[PDB]
2 protein chains.
Amino acid sequence: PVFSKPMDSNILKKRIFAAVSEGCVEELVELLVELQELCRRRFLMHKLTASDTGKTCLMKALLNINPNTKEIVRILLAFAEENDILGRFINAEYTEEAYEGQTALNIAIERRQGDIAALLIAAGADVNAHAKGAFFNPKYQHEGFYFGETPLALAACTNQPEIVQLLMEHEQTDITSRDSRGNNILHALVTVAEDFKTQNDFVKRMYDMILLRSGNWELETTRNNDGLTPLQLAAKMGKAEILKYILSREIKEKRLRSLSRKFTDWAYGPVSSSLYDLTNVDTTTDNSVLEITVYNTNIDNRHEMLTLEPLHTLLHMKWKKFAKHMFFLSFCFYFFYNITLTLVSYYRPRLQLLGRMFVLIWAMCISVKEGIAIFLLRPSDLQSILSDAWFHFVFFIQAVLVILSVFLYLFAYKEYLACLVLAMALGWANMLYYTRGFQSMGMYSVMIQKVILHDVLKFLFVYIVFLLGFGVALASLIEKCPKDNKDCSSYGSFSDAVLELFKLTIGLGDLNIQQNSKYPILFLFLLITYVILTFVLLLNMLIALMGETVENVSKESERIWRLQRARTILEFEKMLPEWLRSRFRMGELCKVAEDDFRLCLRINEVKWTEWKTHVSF
Amino acid sequence: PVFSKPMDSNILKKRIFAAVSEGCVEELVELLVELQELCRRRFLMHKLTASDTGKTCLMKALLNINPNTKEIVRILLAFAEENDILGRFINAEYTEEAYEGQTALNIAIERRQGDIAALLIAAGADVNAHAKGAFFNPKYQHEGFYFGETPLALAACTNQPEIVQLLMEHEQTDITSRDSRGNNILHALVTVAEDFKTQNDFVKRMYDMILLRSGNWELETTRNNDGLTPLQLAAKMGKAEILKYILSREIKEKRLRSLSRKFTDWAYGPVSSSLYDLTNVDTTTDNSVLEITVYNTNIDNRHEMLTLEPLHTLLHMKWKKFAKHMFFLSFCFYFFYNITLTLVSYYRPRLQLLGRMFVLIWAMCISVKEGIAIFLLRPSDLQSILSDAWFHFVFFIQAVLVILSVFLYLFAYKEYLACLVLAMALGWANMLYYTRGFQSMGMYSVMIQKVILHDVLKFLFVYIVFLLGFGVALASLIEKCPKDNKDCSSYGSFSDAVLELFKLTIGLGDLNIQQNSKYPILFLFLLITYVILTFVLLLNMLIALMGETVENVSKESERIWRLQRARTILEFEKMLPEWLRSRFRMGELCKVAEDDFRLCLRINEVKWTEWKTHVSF
Ligand SMILES: CC(C)=CCC[C@H](C)CC=O
Ligand SMILES: CC(C)=CCC[C@H](C)CC=O
């Protein structure tokens, strides 16, 4: 990455800056006596700070910590309060593009100087001073560190709970404060949080602290600049631990019960009927966590992300309620559409007229749905290798070719077999999408979807750049026969040599040495080295490479089948009419202070291994 | 899963119920003074309990434990004994379908309230109050928790030995009590027990406690509702640790010697001749543990389940006594029957008449045995992939086709070669069952039995749905020749195109471009993409998939060969006559109190690694 001018370097006002660097208080005593009357005519002490970047000696002293630093800070504060400029001195900000709005308290917090940090707030800091800068607000994740550009989140993004308690007891803190990105403190903790369970992580523990110290719902209901309360921000950023904690969170103490999400009912040993609350989980309005966690591409930790308590049961109930009954209906009504293509294609005209226009209207419906589905998606969705747009595009082609054929048939262009036969061969090959069910058979289609995109195009490109060179050479090595007989020089042209040299790869045809070549010792050399270099090397090294690929992705297939299952589960939801949406879940709990707690789904989960380990002691 | 109305919720009699919920004794003082004369006219205190589910305030207070709960229980008991309804109050039962017969002591035990549990039995509990309900007695294993529906097993199914001791010293406990499922306490411990050795498990330790406190044989000889003393219940449910403990169990103390099963004789270092007792182990009557552990499908922990001391030696002795000598006899007498089919099939009539009806009578015997064997099995046995019914069905077909052929031969239908040649080709292919012996060769047949059922039908179905679409398209792309020559359009019909397009897959035949097609650029595209998509992708991705399958199941083959070996060992037992069963094991030990301890098999086992590790200290 790149940055602007540095915040500190070591390449008569510079003498104070050099004195506060190493922290020489004995040297720092006398220059301030000199500075009290240094050009005391009128300047309004602007020479105390620097004008190139807005730096003062305070944040320069806190920029590099030495064992003697407290005396420097107290001497600087005692000097600043003499000239009645302490408010302007402690509220000093950087004035560059990378760093803008940076205060001395912001640097004091991050240097683990909790004892020093109490001094600036005692002198009076604005606290709410944002840090809107290019460094503090990076574009990607590799040119800076992000912390919500608020000083309170410094003690939150870095494990400093004592400064969190010190800032909480302040009268002017503004816990419900936005920023330039519109985030809040909980959004900041969501962003810094670590997805994988890597032993102890302070973010999950400190979320409880900040939320219990808030004691209200405004911190978890405010939206981002795009608009995201942190429940789905933890989903989009790919944070499994934080989402698991926020989805299943209950407070066993009174006076804090509205913040709870998982109201337990009874714990009868291995069984525990937990009444879960869902308000941004079910796809009711938009941007639900269930919708975000399935329409995402960059997430790699979806092994454990989909199998939470208010998501797995929700998906299973949706599948058993309205997804399987329509999946089988779609399978039957597409198999019939593919079968009625055989009665038109194979039985072409070289009372069975009831199905002549059924294929036309169903191709029209398929096209008018896939045209919406292909532009509703963004180009970022196709960047993933296992994207769902490939089948959405194949299904679209299967409709455009059919409608083009039936358009050209009655227009009499003699092309009613050009696009209809390709539509046929693609439609029978399109049946490997409706194997989303049948778990054992569903294991098999993603092997296609991964192997063909990982090993087939690479070996195909190598074999194409291999066959092209040998094809030109073998066609150039032969000689033109004097046309006394037509059966001369079987490797006649480049197009014929390509076919005759490709037939040798599969294993059908014949091999000859008298191909009207004046250099048989050279013809045979090339013909032998082609089969040696490709059939002995490439055709079986491909097998060896997929022997590693399938071994690597055999344990990964279980989650990637369930991903396609959940995607086609939620895709059929959008196709429902609004009046058919009456089959919602259980809701209107009314077990809160003065309202109804949205919708609350009752699940009855059991865990016998965990209960066996717990009861073992 | 689903459930009935919940046992507790938080959505002038309800005030007492709310007071006992959080356990506010200071609030609980005055309402009872109010309730003493509340409508004291005559109701016979029915308002103290609820009528919707039969709940009282006692089990509601024990439903959620708070640090102050003992005073609530003692105040409720002191109030109930005043109105002389303590017996009806403490013997209160739930009255719904899911929960029926549930008492307050049952809820007090499971909440780890051992100090509270002594109070209700001191007041007087019926103890033997069953919990016959749909929740306590689930159908499958995923809609409830099962514990034998007796309160004594609550302290047994949950690790609470102190309450076991408290219930044992009671005068009215009825240790030999059945239930609605006919189980006993040992059956309950067998059901809850954990099969794999997962560090410490309280069930195996507490079995010793309950059996030594019983001190008799009635607890381990009572049968289930179907009829199972727990030795084979531990076998059918798949519990390796519990079965290992119960099979090899000895008490070194006097006054408890009839309960012992493994009477040791001498321990001469690495060798220890252990005299084992077998009463429900040998297949003498029915339902032996050895018979149950081999005729089971759902068990996955049979790696260590078959190799116990009174089972492995029993199987080895049976094999060396009467199973190998009949296996070789069956192999010879079936190879002769398959060889004498060649002298009839290949030498058909387009003094060798001694073998013309031998095949007929042996096919009759094979059919009359396989017809019994195919309906003696249940449909649950065929659900397993590696079931023994496939060979039992192939052997049956090999007899029905032969008898149909020899029936149609002398009836003169000219079909004596239609079913006889298929019977021949199936009979020579049926020889891959008699490779149960030859350990290295026996490793090879289960590779067939697994690979063909896991990878062959899936790739075959994909290749069939692939070849069918290209077959119709390639046959439709060609044009009908004007019949001036017969050698026109080699891809003539669909049936011919299927064969010509299948010959390209194996690698024999020829490839041409002038197939009387008006669209050669389209014919060649389909012909090239078929070989690309199938021979380059499917035919070798199958190899890559079995490269993972064989690697995964290479370590699993050792147990699955021995499973077929034990199954064909015990299958030949049933074929023996009753008079031939005189070759039993050693029995009539008479080393017990006043009887003969059934049969007792002497084995001489050695263990040098264990003795080397033991003597090392
Ligand atoms: C296997 C799969 C998912 C797609 C293959 C379809 C090919 C392109 C047929 C083309 O005619
Ligand atoms: C390999 C094995 C166990 C069985 C194959 C027998 C096949 C079905 C021959 C059919 O004719």
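All residue numbers given for chain B refer to Swiss-Prot; the residues shown span 62-72, 119-149, 157-464, 482-748 in order.
For this deposited structure, the header notes the method as electron microscopy, 3.5 Å.
For all residues, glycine too, the Cβ spot is worked out from N, Cα and C.
Database features (Swiss-Prot):
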{"type": "BINDING", "residues": "B:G638", "note": "Na(+) binding site"}
{"type": "INTRAMEM", "residues": "B:621-646", "note": "intramembrane segment"}
{"type": "REPEAT", "residues": "B:170-198", "note": "repeat 'ANK 2'"}
{"type": "REPEAT", "residues": "B:214-243", "note": "repeat 'ANK 3'"}
{"type": "REPEAT", "residues": "B:261-291", "note": "repeat 'ANK 4'"}
{"type": "REPEAT", "residues": "B:340-362", "note": "repeat 'ANK 6'"}
{"type": "TOPO_DOM", "residues": "B:541-545", "note": "topological domain 'Extracellular'"}
{"type": "TOPO_DOM", "residues": "B:609-620", "note": "topological domain 'Extracellular'"}
{"type": "TRANSMEM", "residues": "B:431-460", "note": "transmembrane segment"}
{"type": "TRANSMEM", "residues": "B:520-540", "note": "transmembrane segment"}
{"type": "TRANSMEM", "residues": "B:546-566", "note": "transmembrane segment"}
{"type": "TRANSMEM", "residues": "B:570-608", "note": "transmembrane segment"}
{"type": "TRANSMEM", "residues": "B:650-686", "note": "transmembrane segment"}
Mapped DSSP class for B:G638 (Na(+) binding site), helix or strand or coil: coil
DSSP-derived helix, strand and coil totals, residue by residue, for the repeat 'ANK 2' (B:170-198): 16 helix, 0 strand, 13 coil
Secondary structure content of the topological domain 'Extracellular' (B:541-545), with strand meaning DSSP E or B: 0 helix, 0 strand, 5 coil
Other parts of the chain folded back onto the topological domain 'Extracellular' (B:609-620), taken as Cβ under 8 Å at six or more residues beyond its ends: 628, 646-649, 654
Long-range Cβ neighbours of the topological domain 'Extracellular' (B:541-545) (under 8 Å; 6 or more residues past either end): none
